[PDB]
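K.L.:
Opening with a subset of the complex:
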Amino acid sequence: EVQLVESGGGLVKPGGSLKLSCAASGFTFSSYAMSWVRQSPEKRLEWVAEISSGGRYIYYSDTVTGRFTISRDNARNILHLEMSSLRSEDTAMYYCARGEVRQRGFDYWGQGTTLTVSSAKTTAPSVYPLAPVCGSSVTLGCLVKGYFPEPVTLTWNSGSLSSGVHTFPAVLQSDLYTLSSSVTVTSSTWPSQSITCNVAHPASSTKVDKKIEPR
Amino acid sequence: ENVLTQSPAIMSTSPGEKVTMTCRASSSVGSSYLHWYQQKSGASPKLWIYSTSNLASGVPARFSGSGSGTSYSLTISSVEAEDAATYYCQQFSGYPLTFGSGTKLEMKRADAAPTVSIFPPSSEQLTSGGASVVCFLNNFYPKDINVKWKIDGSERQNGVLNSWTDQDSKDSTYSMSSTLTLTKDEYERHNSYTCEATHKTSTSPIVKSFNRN
């Protein structure tokens, strides 16, 4: 019905700038106000900016005022948020909320674009296959070490396997990330069926598939 | 800056049990301006309760907000597996807009032992010159589980990885992943590789050792 799809976001240098885009559809965009709500990696939500339905009543929070500007375009039904002097404190995932009636709240939210500010560099992921020990439920693993930045979409057998899979959130140390995932298989399934692990890193455009033998 | 706070930040409820969250406001706020949101683990928040009394579209009637002035509450008759998420409180009275710290609605059930599985590194792992052995802890409860690495004839504290999986919607359990970061030169200087964790089902911690052989 109503889709608040968003774009933009990625890795930027500290002190740099970025231009996020919110595309709104399925409703009259000029008759409802808009706001950008960010989510810190500590899962702390805070409001960033708000533009009115016309475009001349604009409010900002005390933490991003002056450095953040929010635009609008009622013709193409699009929304913008341009920032300057990005530090390491305003890295988050920005939502495109919709709130017009102040007694109703941000009723329709967006999808979320991940934004990362760091002095580190983009590095291609290294997918490492994992071999089991030499029981009944034989399990298989696939760890990715040395990639940047968040996120990476990881499945098993190119998304064909989604039952018994457990992924793990990335961990930050030495300005690098590490991700792993494990699946549960029966005795008859492995090594009878060739199970492979696929990766999808958008910031490095890496697509490699690894399948391991019981060495 | 109407600094909203919420207590407790973490809570756990069995299904079909009384539960009431709260959101304490620093300053006075209107009774028709405070709203309540619900954010699932890995999804965008949705409007849940607006003006602290009503319910949004699709919200079940068992949710019911209450309170006025500065003390506000969210009451649930009977929780189930379909509303295990995080809840925030907002206000539109004063600018700038503020959100709460967030109460995490968790679930508890009968404890299940972890399925400890040690994974030795592959042959290509030693090409880079390091040592990365990983142990997978899967289907265990609760999250307050400590793990240590046992090497040679002592314990290991340095180079221990940690990764807790969030609350599962299938069998309501966690998953823990730990990786030992070392070098290939140190790999050849050691022979015992054991990972163990003290679960609350058994007083003796579950052990799973391996040898480089």
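P.N.:
Perfect, thanks for sending it. Numbering: from 1, shown residues only, chains lettered A, B, ... in the order given.
K.L.:
So is stretch B:133-153 next to chain A?
P.N.:
Yes - interface with chain A: stretch B:133-153 contributes B:134, B:136, B:138 (C-beta under 8 Å from any C-beta of the partner chain). Where C-beta positions appear, they are placed from N, C-alpha and C, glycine not excepted.
K.L.:
Walk me through the domains of chain B.
P.N.:
B:4-107, B:115-211 (CATH domains of a matching chain).
K.L.:
The longest one and chain A in contact?
P.N.:
Yes - part of domain B:4-107 sits close enough to chain A to count as contact by C-beta under 8 Å from any C-beta, namely B:32-33, B:35, B:37, B:39, B:44-47, B:50-51, B:56, B:86, B:88, B:90, B:92, B:95-102.
K.L.:
and the end-to-end length of that domain?
P.N.:
Domain B:4-107 has its terminal residues 25 Å apart, counting by C-alpha to C-alpha, to the nearest Å.
K.L.:
Then the shortest one?
P.N.:
Taking C-alpha to C-alpha as the measure, domain B:115-211 stretches 19 Å from start to finish.
K.L.:
next one: stretch A:103-121
P.N.:
45 Å.
K.L.:
that older thread, would you format the residues of stretch B:133-153 next to chain A as JSON lines with neighbour count included?
P.N.:
Listed next are those as JSON lines, based on neighbours: other C-beta atoms under 10 Å in any protein chain shown:
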{"residue": "B:134", "neighbour count": "23"}
{"residue": "B:136", "neighbour count": "28"}
{"residue": "B:138", "neighbour count": "20"}
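K.L.:
Enumerate the beta-bridge partners assigned to residue B:88.
P.N.:
residue B:37 (DSSP bridges).
K.L.:
ok, it - contacts?
P.N.:
By C-beta atoms under 8 Å, 6 or more residues apart in numbering or on different chains, the contact list for residue B:88 reads A:45, B:6, B:36-37, B:39, B:45, B:99-100, B:102.
K.L.:
Kindly report the same for residue A:53.
P.N.:
Residues near residue A:53 by C-beta under 8 Å, 6+ apart: A:30-33, A:100.
K.L.:
Chain C should go on the structure too:
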Amino acid sequence: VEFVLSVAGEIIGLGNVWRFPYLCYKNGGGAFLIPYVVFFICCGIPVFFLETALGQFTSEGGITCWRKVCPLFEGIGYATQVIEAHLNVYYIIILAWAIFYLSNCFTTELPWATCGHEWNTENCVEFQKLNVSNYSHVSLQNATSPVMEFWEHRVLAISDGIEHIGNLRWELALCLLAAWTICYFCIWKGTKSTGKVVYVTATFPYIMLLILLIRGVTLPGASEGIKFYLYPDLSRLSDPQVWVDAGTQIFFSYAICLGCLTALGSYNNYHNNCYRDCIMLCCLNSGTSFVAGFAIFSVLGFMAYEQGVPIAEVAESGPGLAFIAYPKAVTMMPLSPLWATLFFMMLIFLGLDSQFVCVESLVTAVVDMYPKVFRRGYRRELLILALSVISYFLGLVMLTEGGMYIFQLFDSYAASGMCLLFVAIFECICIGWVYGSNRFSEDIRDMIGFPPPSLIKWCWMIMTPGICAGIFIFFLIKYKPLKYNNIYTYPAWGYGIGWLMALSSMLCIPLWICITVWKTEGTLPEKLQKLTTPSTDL
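P.N.:
Chain C now in position relative to the chains above:
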């Protein structure tokens, strides 16, 4: 509760207890309510919400508000100034009559209750000394109730035409002087409101209206009065007088287009709720007007029952019905002079409050428009005294033997009819087309939190100006002459002066448009662009 007590002090007024039953009896009994509810839906709510929102948005006086909103349509504020000046000229004479009744009330036998005095004629009858009495042939010889004779032949000494202005009534002149000096005292000492004086002088009109309604429904023959009050005739809906009077009674009773509503909004803070306050104030004002309608029409239904004459012609049907039905009702109360003096004190209080807020809004607007002269030499009270003296001297022309016709003309043509219709038309056209309804809805959303529900928006665009222009054109093409006691057929120069002052109340908008175009000229498109654009941050 402070909120309930303060709001109830603004719902009641003379426009509900004196003017509404007058307009509901003059222009047909039941046929008046059908356009009344139509204008209540389509022009009370939208224009009331518009003026409240604009007054709270601009947060200043009611004539510079239009300067900072739309400098082209600044003449709407000056038209409201002229309407306020005319109102303050003749809104005080009702308090003069009520003081004169209060002068004669303190007697163990009321003056308007017996059939013998220096003013009673031969055709009077007691109508209470016997049940069957001797009427129905004396009624054919034009029998008259004692209150109907007392009002006409003692309160104002009516003459047989507007061209027959008699001697000035000196007792009424002293009553008007007393009313103006107590209004001036309320201006000086009495602005400090609240305390123990608001808990008594706010619920008292509602208590008195409730007890008067309770009595009036008990009077025999009130069923016919209520049936006449409610059951309508379409033939009485055919003329435009009913539509014009209903619409401008809606505009008058809500203080809409008078000029004090923009000042009332400026008193509130920027985050006050316009919509809920507007809805509840408008609905409660309509309700109390309706209740006073029950009371007066039940009483005159009893009057028509005790006479042989039908309900249609039993009172004056001029603006003295509240001074005929209410003095008749208080005669039936046990311990009648107590209820009579309490009622007339009620009328004095609720007329004085409206007169006070009207003259205060007028003086604060004229010293806001002239800031550098009346705020530096301690002459604001001197200006108030001079304005009171001027409006007393111009107000005395209606107190004569034939001045009742002048009061009727200015009541029907100054704060009523074409003046209010034209001001509301140009107000709603300005907001819905020149300033833009989307921009004003965004301003309302920034003020109160939520935009208008778009029914009020479409009312601003096409509904309210469309219906008000239709009523204006319908009045203009099917002209029906104005008659005082439903048969007078006014002289041509009386209609001339009435239309002259009605035009002078509403020609100030195109005149100001013309002089604004002439003063700053940059050819037509640049002129309209520089006049359409609002000023500063509002």
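K.L.:
Could you re-examine the contacts of residue A:53 with chain C now present?
P.N.:
Here residue A:53 is in contact with A:30-33, A:100, C:438, C:441-442, C:445, C:451 (criterion: C-beta under 8 Å, 6+ apart).
K.L.:
If any of those residues are buried, give me the PyMOL selection for them.
P.N.:
Applying 16 or more other C-beta atoms under 10 Å in any protein chain shown to the contacts of residue A:53 leaves a buried subset, and the PyMOL line that selects it is:
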select buried, (chain A and resi 30+32+33+100) or (chain C and resi 441+442+445+451)
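K.L.:
Okay, and the most centrally placed residue in chain A sits in which element?
P.N.:
For chain A, the residue nearest the mean C-alpha position is residue A:114 (4.1 Å; C-alpha atoms, centre = their mean). For residue A:114, the host element (DSSP states H and E) is strand A:113-117.
K.L.:
Show residues contacting the helix or strand just after that strand.
P.N.:
Downstream of strand A:113-117, the next assigned helix or strand under DSSP H and E is strand A:126-130. Residues from elsewhere that reach strand A:126-130 (C-beta under 8 Å, 6+ apart): A:140-147, A:197, A:199, A:208, A:210-212, B:119, B:121-122, B:124-125, B:128, B:132, B:134.
K.L.:
Show me these that map onto strands.
P.N.:
A:140-147, A:197, A:199, A:210-211, B:119, B:132, B:134 (DSSP state E).
K.L.:
Buried only: go through those residues for me.
P.N.:
Applying 16+ other C-beta under 10 Å to the ones in strands among the contacts of strand A:126-130 flags A:140-145, A:147, A:197, A:199, A:210, B:119, B:132, B:134 as buried.
K.L.:
Chain C: which of those residues is nearest?
P.N.:
Checking these against chain C with C-beta to the nearest C-beta, the nearest one is residue A:147 at 45.5 Å.
K.L.:
That closest one against residue A:200, yeah?
P.N.:
No - look at residue A:147 against residue A:200 with C-beta atoms under 8 Å: they stay out of range, at 11.1 Å.
K.L.:
hang on, residue A:13 packs against residue A:116?
P.N.:
No - the criterion here is C-beta under 8 Å, and residue A:13 misses it with residue A:116 at 10.6 Å.
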